[PDB]
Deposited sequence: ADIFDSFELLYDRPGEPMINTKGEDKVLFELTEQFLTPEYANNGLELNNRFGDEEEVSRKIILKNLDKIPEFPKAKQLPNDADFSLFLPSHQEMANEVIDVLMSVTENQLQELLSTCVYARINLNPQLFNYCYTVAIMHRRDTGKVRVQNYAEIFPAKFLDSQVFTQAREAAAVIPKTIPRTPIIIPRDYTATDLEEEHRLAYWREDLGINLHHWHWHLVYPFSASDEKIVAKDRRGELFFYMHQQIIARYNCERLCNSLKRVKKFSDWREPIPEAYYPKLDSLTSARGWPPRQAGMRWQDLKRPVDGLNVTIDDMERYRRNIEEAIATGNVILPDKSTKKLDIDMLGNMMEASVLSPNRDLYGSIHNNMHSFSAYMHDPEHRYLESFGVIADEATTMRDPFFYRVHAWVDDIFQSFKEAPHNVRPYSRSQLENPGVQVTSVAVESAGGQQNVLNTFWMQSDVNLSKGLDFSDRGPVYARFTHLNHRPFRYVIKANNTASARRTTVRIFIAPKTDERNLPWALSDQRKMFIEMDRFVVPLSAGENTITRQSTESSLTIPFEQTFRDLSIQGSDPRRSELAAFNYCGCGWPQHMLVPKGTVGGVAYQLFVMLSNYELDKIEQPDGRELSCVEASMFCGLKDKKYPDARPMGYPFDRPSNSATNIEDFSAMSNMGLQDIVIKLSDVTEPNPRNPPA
């Protein structure tokens, strides 16, 4: 039952530990060591009173702390402030608290729990939640603790602010023993289609996609005191690839909505046409996340409390330095010696991570792009305002401008991939798989046609009760509308004349035509190919039939893992397929059976979605460069049909069709 105690420390983040926690009314028995000035003279009496109440299920006795944890940096963040790692002072606070939690003796779980209880009581709730989660994920003794669903704990990061007065009313009016009716979240709450960018809202604001984004950055942080935490296998390359695929997916959606490929934000002194009014309010700070009006521009940041003292001139210098590294192929080290640039290193230089080879010279461009963009309303703290949604990993994907930032970062990576002195196009011997001939590729659907994927709209419930501070208990559901698809399978036929007895199946799709309704050049379409699955299969001699269910995708995690029915990392299964259109949009399905001898990685709970997430405590499980075979230009084909003629590759026209109907999730309570 100690693990239940750890899980409870997630509950109701804006409540003190004076009163009970959880659906089951569990009391933490406080002592003098666990008081705060706010409750210095009455705290224990109040805690006694709350635990003496009728419905209290049990009381947790805490082990005495022999030494009081010290938090000299982190104690400076007020409890009613908003927390972001893009602020240098907040990163330092996080490293301090993580270090404390990580330092507790292995297997001393009563000491650990008391240390975490102390941290929670004395620290900002967002900061505590982040640091506690990082510690739970990285310690060796906390394997059995479930990190509580982030949308249940901080639902304000995921909802429409207008849900909350209704939620408080429902919890107050209807007793906890009687079901409360779900509160329906409108499809159009941040805007209507009067705003063209609003057409993508269903995707940008998707809870599953924003949860994934949050969990990815949790698994792959750019900073820690322990380099071991940051230096997971090929994280720099994965930073590139994951975001490149996010941009590819968003671009697929844009073309399904009469919009163009997203425009990179590269001219950093120009005004920014995209507005965004996120409708989110912080329950921690009581503040609306400041919006962005059309036509704002970056301004030099002078926010010494945040640790932000950086100019546009600085950003332009850093970018010149990075562009020079790409142009020469060499990075300059602090001692003035050089080293050859590779994609992993460039990912770390760009982010930046603590693994950058020269942070003094190359700065931290991507992190500062977020900063600059989040503070255009208050760049020098004149207005006592905080950062916009673009500065929080759980909310950032909601903002259209996130994609302009990442289009530019991706363009930087592509300039490296497209430069022959940095990256060489694949040779025939790198692409081929001698003796393996793909003879057909199809998708099939139960109740569906051959080569048609069918999408529709679904309403699903999330419980916000755990995040609703000072409410009565019992579930309170918000019912939100999201994209989904009818289940399908791939059927791939191949004749194996030779000796291969295993292969990696790599599946990608891309729209058949561009914004002009014209066929693509492969040099452009390669960046539009979205990876759908990647998995090793045996091959027999002669005829093979490979069948793969859409539910088996190594990209995704199931609904029941994203939401309550590396656990949280993974693209949500309901967003695997682009929306398409009511009329149907032609897509191209590309399948490759690659040479396992060059794929293989030789190495010795929930679903692990390795494509974006890699594997806990292991090497990224594919030896190829991430995005293979489309990560770089072709030297012998200018279109996908010519590229696909190779024996081990297949290509098939498909149609994505939207059925514009809304159905309830069968998993709803």
Please give the gaps, as residue ranges numbered from 1 in the deposited sequence, where no C-alpha is present. 1, 567-583, 623-627, 693-694
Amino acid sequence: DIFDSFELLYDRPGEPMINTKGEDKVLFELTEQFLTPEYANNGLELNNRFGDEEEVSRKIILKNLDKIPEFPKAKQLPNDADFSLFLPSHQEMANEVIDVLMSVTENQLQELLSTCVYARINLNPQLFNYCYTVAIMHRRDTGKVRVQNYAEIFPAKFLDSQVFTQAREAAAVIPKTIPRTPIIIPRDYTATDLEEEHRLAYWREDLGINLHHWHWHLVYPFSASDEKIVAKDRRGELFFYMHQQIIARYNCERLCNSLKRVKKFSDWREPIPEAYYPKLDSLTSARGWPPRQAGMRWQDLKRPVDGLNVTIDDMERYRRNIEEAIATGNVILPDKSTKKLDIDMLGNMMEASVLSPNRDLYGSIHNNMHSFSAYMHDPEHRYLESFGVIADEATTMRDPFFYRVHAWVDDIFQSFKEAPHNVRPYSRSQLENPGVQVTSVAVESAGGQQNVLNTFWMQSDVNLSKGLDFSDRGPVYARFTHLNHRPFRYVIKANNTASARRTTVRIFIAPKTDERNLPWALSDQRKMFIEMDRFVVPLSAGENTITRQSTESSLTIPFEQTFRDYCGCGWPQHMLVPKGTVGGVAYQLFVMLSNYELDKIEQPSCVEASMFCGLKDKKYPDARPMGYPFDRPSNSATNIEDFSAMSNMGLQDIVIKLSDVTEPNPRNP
From here on, numbers count along this sequence of modelled residues.
So which stretch wins on mean C-alpha B-factor, 86-94 or 457-465? 457-465
Per the record, averaged over C-alpha atoms, which has the higher B-factor: 182-190 or 542-550? 542-550
Per the PDB entry, which option out of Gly347, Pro155, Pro379, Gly447 has the greatest Cα B factor? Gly447
Have a look at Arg632, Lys616, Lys63, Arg58 and flag the one whose Cα has the highest B-factor in the entry. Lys63
Split into thirds by Cα B-factor across the chain's modelled residues, where does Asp24 land: lowest, middle or highest? highest
Third of the chain's Cα B-factor distribution that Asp653 belongs to, per the entry: lowest
Split the chain's modelled residues into thirds by Cα B-factor; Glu663 lands in the lowest
So, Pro304's CA B-factor, relative to its chain, sits in which third? The highest
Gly388, C-alpha B-factor rank within chain (lowest, middle or highest third): lowest
